[PDB]
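data_7.txt, holding compact mmCIF, N, CA, C and O atoms and all ligand atoms:
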```
# COMPACT_ATOMS: atom_id res chain seq x y z
N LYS V 1 92.47 74.34 89.36
CA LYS V 1 93.86 74.57 88.88
C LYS V 1 94.88 74.05 89.90
O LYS V 1 95.50 73.00 89.66
N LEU V 2 95.06 74.74 91.03
CA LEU V 2 95.99 74.41 92.13
C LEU V 2 95.23 73.99 93.41
O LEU V 2 94.03 74.27 93.52
N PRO V 3 95.88 73.34 94.40
CA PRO V 3 95.25 72.94 95.67
C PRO V 3 94.90 74.16 96.56
O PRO V 3 95.32 75.28 96.27
N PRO V 4 94.17 73.96 97.68
CA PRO V 4 93.71 75.05 98.55
C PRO V 4 94.83 76.00 99.02
O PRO V 4 95.82 75.59 99.62
N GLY V 5 94.65 77.30 98.73
CA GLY V 5 95.58 78.38 99.08
C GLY V 5 96.77 78.58 98.13
O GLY V 5 97.40 79.64 98.19
N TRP V 6 97.08 77.63 97.25
CA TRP V 6 98.19 77.73 96.29
C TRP V 6 97.90 78.62 95.08
O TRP V 6 96.81 78.56 94.49
N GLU V 7 98.89 79.41 94.66
CA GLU V 7 98.88 80.23 93.44
C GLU V 7 100.32 80.43 92.91
O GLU V 7 101.29 80.37 93.67
N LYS V 8 100.48 80.66 91.60
CA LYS V 8 101.78 80.99 90.99
C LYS V 8 102.34 82.34 91.46
O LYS V 8 101.60 83.31 91.65
N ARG V 9 103.66 82.40 91.59
CA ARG V 9 104.46 83.55 92.06
C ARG V 9 105.80 83.59 91.32
O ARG V 9 106.15 82.64 90.62
N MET V 10 106.56 84.69 91.44
CA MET V 10 107.77 84.90 90.64
C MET V 10 108.77 85.84 91.33
O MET V 10 108.41 86.88 91.88
N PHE V 11 110.05 85.46 91.29
CA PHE V 11 111.20 86.22 91.77
C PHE V 11 111.58 87.43 90.91
O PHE V 11 111.26 87.48 89.72
N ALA V 12 112.33 88.39 91.47
CA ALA V 12 112.78 89.60 90.76
C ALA V 12 113.71 89.32 89.55
O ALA V 12 113.80 90.14 88.63
N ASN V 13 114.37 88.15 89.52
CA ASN V 13 115.18 87.67 88.39
C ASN V 13 114.37 87.02 87.25
O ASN V 13 114.95 86.61 86.23
N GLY V 14 113.04 86.89 87.39
CA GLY V 14 112.15 86.25 86.40
C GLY V 14 111.95 84.73 86.57
O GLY V 14 111.55 84.07 85.62
N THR V 15 112.22 84.18 87.76
CA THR V 15 112.06 82.74 88.07
C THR V 15 110.69 82.48 88.69
O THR V 15 110.35 83.08 89.71
N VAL V 16 109.91 81.56 88.12
CA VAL V 16 108.53 81.26 88.55
C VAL V 16 108.54 80.08 89.52
O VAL V 16 109.31 79.13 89.37
N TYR V 17 107.65 80.13 90.52
CA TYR V 17 107.45 79.11 91.55
C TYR V 17 105.98 79.13 92.02
O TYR V 17 105.16 79.93 91.54
N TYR V 18 105.63 78.25 92.96
CA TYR V 18 104.30 78.13 93.55
C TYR V 18 104.31 78.56 95.02
O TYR V 18 105.24 78.22 95.76
N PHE V 19 103.29 79.29 95.46
CA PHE V 19 103.20 79.86 96.80
C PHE V 19 101.81 79.72 97.43
O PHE V 19 100.80 79.99 96.78
N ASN V 20 101.73 79.30 98.70
CA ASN V 20 100.48 79.17 99.43
C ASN V 20 100.22 80.42 100.28
O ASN V 20 100.94 80.70 101.25
N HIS V 21 99.17 81.18 99.96
CA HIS V 21 98.84 82.43 100.66
C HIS V 21 98.25 82.21 102.07
O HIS V 21 98.34 83.10 102.92
N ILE V 22 97.67 81.03 102.33
CA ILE V 22 97.03 80.66 103.60
C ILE V 22 98.07 80.18 104.62
O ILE V 22 97.99 80.52 105.81
N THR V 23 99.06 79.40 104.16
CA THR V 23 100.05 78.70 105.00
C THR V 23 101.49 79.23 104.94
O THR V 23 102.34 78.81 105.72
N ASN V 24 101.76 80.16 104.01
CA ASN V 24 103.09 80.69 103.67
C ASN V 24 104.10 79.63 103.15
O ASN V 24 105.30 79.92 103.05
N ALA V 25 103.64 78.42 102.80
CA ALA V 25 104.47 77.41 102.13
C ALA V 25 104.87 77.83 100.70
O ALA V 25 104.17 78.61 100.05
N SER V 26 105.98 77.30 100.19
CA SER V 26 106.48 77.56 98.84
C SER V 26 107.11 76.31 98.20
O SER V 26 107.69 75.47 98.90
N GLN V 27 107.02 76.18 96.87
CA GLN V 27 107.59 75.08 96.09
C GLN V 27 108.04 75.48 94.68
O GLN V 27 107.35 76.23 93.99
N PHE V 28 109.17 74.93 94.23
CA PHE V 28 109.62 75.03 92.83
C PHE V 28 108.91 74.09 91.84
O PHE V 28 108.92 74.31 90.63
N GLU V 29 108.27 73.04 92.37
CA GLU V 29 107.47 72.04 91.65
C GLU V 29 105.96 72.18 91.96
O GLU V 29 105.58 72.56 93.07
N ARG V 30 105.11 71.86 90.98
CA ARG V 30 103.65 72.03 91.04
C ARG V 30 103.03 71.25 92.22
O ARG V 30 103.22 70.03 92.30
N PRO V 31 102.31 71.91 93.16
CA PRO V 31 101.86 71.32 94.43
C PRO V 31 100.62 70.42 94.29
O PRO V 31 99.82 70.57 93.35
N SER V 32 100.41 69.53 95.26
CA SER V 32 99.29 68.57 95.30
C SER V 32 98.59 68.50 96.68
O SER V 32 97.76 67.61 96.90
N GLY V 33 98.90 69.41 97.61
CA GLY V 33 98.30 69.50 98.95
C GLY V 33 99.08 70.41 99.90
O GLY V 33 98.80 71.63 99.90
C1 LIG V 101 116.13 83.69 91.23
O1 LIG V 101 116.29 84.18 92.60
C2 LIG V 101 115.79 83.24 93.64
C3 LIG V 101 115.97 83.89 95.02
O2 LIG V 101 115.51 85.25 94.95
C4 LIG V 101 116.49 81.87 93.50
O3 LIG V 101 117.88 81.99 93.87
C5 LIG V 101 116.42 81.35 92.05
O4 LIG V 101 117.21 80.13 91.96
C6 LIG V 101 116.95 82.39 91.05
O5 LIG V 101 116.86 81.87 89.69
```

Would you kindly transcribe this structure into C-alpha cells?
Amino acid sequence: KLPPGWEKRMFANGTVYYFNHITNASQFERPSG
C-alpha cells in the first residue's frame, strides 16, 4: 500500500494526510519513500 513506516492519519477538523511512524515525517500528498 504505502512505503516503509508510512500510514494514513487525520486532523481534528476531518482533514486526511500521510504520516511516517518510524521517522515522524508527514505529507498532504501520497508518499513514495
Ligand atoms: C485542518 O487542520 C490542520 C491543522 O490542524 C490544517 O490547518 C488543515 O489545513 C485543516 O484543514

Go ahead and find all residues with at least one atom no further than 5 Å from (100.4, 81.1, 99.0) in the file's coordinates, using only N, CA, C and O atoms; report them as an mmCIF file with N, CA, C and O atoms, keeping the file's coordinate frame.
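Wrote part33.cif, looks like this:
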```cif
data_model
loop_
_atom_site.group_PDB
_atom_site.id
_atom_site.type_symbol
_atom_site.label_atom_id
_atom_site.label_comp_id
_atom_site.auth_asym_id
_atom_site.auth_seq_id
_atom_site.Cartn_x
_atom_site.Cartn_y
_atom_site.Cartn_z
ATOM 1 N N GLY V 5 94.650 77.300 98.730
ATOM 2 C CA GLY V 5 95.580 78.380 99.080
ATOM 3 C C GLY V 5 96.770 78.580 98.130
ATOM 4 O O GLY V 5 97.400 79.640 98.190
ATOM 5 N N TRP V 6 97.080 77.630 97.250
ATOM 6 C CA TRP V 6 98.190 77.730 96.290
ATOM 7 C C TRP V 6 97.900 78.620 95.080
ATOM 8 O O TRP V 6 96.810 78.560 94.490
ATOM 9 N N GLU V 7 98.890 79.410 94.660
ATOM 10 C CA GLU V 7 98.880 80.230 93.440
ATOM 11 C C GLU V 7 100.320 80.430 92.910
ATOM 12 O O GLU V 7 101.290 80.370 93.670
ATOM 13 N N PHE V 19 103.290 79.290 95.460
ATOM 14 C CA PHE V 19 103.200 79.860 96.800
ATOM 15 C C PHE V 19 101.810 79.720 97.430
ATOM 16 O O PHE V 19 100.800 79.990 96.780
ATOM 17 N N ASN V 20 101.730 79.300 98.700
ATOM 18 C CA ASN V 20 100.480 79.170 99.430
ATOM 19 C C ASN V 20 100.220 80.420 100.280
ATOM 20 O O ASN V 20 100.940 80.700 101.250
ATOM 21 N N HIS V 21 99.170 81.180 99.960
ATOM 22 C CA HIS V 21 98.840 82.430 100.660
ATOM 23 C C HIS V 21 98.250 82.210 102.070
ATOM 24 O O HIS V 21 98.340 83.100 102.920
ATOM 25 N N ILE V 22 97.670 81.030 102.330
ATOM 26 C CA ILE V 22 97.030 80.660 103.600
ATOM 27 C C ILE V 22 98.070 80.180 104.620
ATOM 28 O O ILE V 22 97.990 80.520 105.810
ATOM 29 N N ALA V 25 103.640 78.420 102.800
ATOM 30 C CA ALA V 25 104.470 77.410 102.130
ATOM 31 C C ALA V 25 104.870 77.830 100.700
ATOM 32 O O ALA V 25 104.170 78.610 100.050
#
```

Å distance separating atom CA of residue V:26 from atom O5 of ligand LIG 101 (chain V), one decimal place
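Those two atoms sit 14.5 Å apart.
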
Name the closest residue to ligand LIG 101 (chain V) among the candidates V:10, V:18, V:24, V:30; distances are taken between atoms, counting only C-alpha atoms and all ligand atoms.
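Distance minimum relative to ligand LIG 101 (chain V) lands on V:10.
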
Can I get the residues close to ligand LIG 101 (chain V) as a PyMOL selection string, where close means within 7 Å and we count only C-alpha atoms and all ligand atoms?
chain V and resi 11-15

Quick check for you: according to DSSP on this backbone, which residues of chain V are classed as strand (DSSP E or B)? Reply as a ChimeraX atom specification.
/V:6-10,16-20,26-27

Write the residues of the selection above to a file with N, CA, C and O atoms, as a PDB file, keeping the file's coordinate frame.
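As written to disk, selection_5.pdb reads:
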```pdb
ATOM      1  N   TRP V   6      97.080  77.630  97.250  1.00  0.00           N
ATOM      2  CA  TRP V   6      98.190  77.730  96.290  1.00  0.00           C
ATOM      3  C   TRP V   6      97.900  78.620  95.080  1.00  0.00           C
ATOM      4  O   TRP V   6      96.810  78.560  94.490  1.00  0.00           O
ATOM      5  N   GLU V   7      98.890  79.410  94.660  1.00  0.00           N
ATOM      6  CA  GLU V   7      98.880  80.230  93.440  1.00  0.00           C
ATOM      7  C   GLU V   7     100.320  80.430  92.910  1.00  0.00           C
ATOM      8  O   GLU V   7     101.290  80.370  93.670  1.00  0.00           O
ATOM      9  N   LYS V   8     100.480  80.660  91.600  1.00  0.00           N
ATOM     10  CA  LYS V   8     101.780  80.990  90.990  1.00  0.00           C
ATOM     11  C   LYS V   8     102.340  82.340  91.460  1.00  0.00           C
ATOM     12  O   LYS V   8     101.600  83.310  91.650  1.00  0.00           O
ATOM     13  N   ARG V   9     103.660  82.400  91.590  1.00  0.00           N
ATOM     14  CA  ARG V   9     104.460  83.550  92.060  1.00  0.00           C
ATOM     15  C   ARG V   9     105.800  83.590  91.320  1.00  0.00           C
ATOM     16  O   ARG V   9     106.150  82.640  90.620  1.00  0.00           O
ATOM     17  N   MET V  10     106.560  84.690  91.440  1.00  0.00           N
ATOM     18  CA  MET V  10     107.770  84.900  90.640  1.00  0.00           C
ATOM     19  C   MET V  10     108.770  85.840  91.330  1.00  0.00           C
ATOM     20  O   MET V  10     108.410  86.880  91.880  1.00  0.00           O
ATOM     21  N   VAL V  16     109.910  81.560  88.120  1.00  0.00           N
ATOM     22  CA  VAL V  16     108.530  81.260  88.550  1.00  0.00           C
ATOM     23  C   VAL V  16     108.540  80.080  89.520  1.00  0.00           C
ATOM     24  O   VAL V  16     109.310  79.130  89.370  1.00  0.00           O
ATOM     25  N   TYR V  17     107.650  80.130  90.520  1.00  0.00           N
ATOM     26  CA  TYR V  17     107.450  79.110  91.550  1.00  0.00           C
ATOM     27  C   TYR V  17     105.980  79.130  92.020  1.00  0.00           C
ATOM     28  O   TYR V  17     105.160  79.930  91.540  1.00  0.00           O
ATOM     29  N   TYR V  18     105.630  78.250  92.960  1.00  0.00           N
ATOM     30  CA  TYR V  18     104.300  78.130  93.550  1.00  0.00           C
ATOM     31  C   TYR V  18     104.310  78.560  95.020  1.00  0.00           C
ATOM     32  O   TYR V  18     105.240  78.220  95.760  1.00  0.00           O
ATOM     33  N   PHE V  19     103.290  79.290  95.460  1.00  0.00           N
ATOM     34  CA  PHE V  19     103.200  79.860  96.800  1.00  0.00           C
ATOM     35  C   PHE V  19     101.810  79.720  97.430  1.00  0.00           C
ATOM     36  O   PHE V  19     100.800  79.990  96.780  1.00  0.00           O
ATOM     37  N   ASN V  20     101.730  79.300  98.700  1.00  0.00           N
ATOM     38  CA  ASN V  20     100.480  79.170  99.430  1.00  0.00           C
ATOM     39  C   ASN V  20     100.220  80.420 100.280  1.00  0.00           C
ATOM     40  O   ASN V  20     100.940  80.700 101.250  1.00  0.00           O
ATOM     41  N   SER V  26     105.980  77.300 100.190  1.00  0.00           N
ATOM     42  CA  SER V  26     106.480  77.560  98.840  1.00  0.00           C
ATOM     43  C   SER V  26     107.110  76.310  98.200  1.00  0.00           C
ATOM     44  O   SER V  26     107.690  75.470  98.900  1.00  0.00           O
ATOM     45  N   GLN V  27     107.020  76.180  96.870  1.00  0.00           N
ATOM     46  CA  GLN V  27     107.590  75.080  96.090  1.00  0.00           C
ATOM     47  C   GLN V  27     108.040  75.480  94.680  1.00  0.00           C
ATOM     48  O   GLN V  27     107.350  76.230  93.990  1.00  0.00           O
TER      49      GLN V  27
END
```

Computed interatomic separation between atom CA of residue V:3 and atom O of residue V:33 (Å)
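Separating atom CA of residue V:3 from atom O of residue V:33 is a distance of 5.7 Å.
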
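Across the model, the gap from atom CA of residue V:16 to atom O of residue V:28 is 7.3 Å.
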
Take the point (99.0, 72.7, 89.5) in the file's coordinates, draw a sphere of radius 7 Å around it, and report as a list in words every protein, DNA or RNA residue with an atom inside or on it, counting only C-alpha atoms.
residues 1, 2, 30 and 31 of chain V
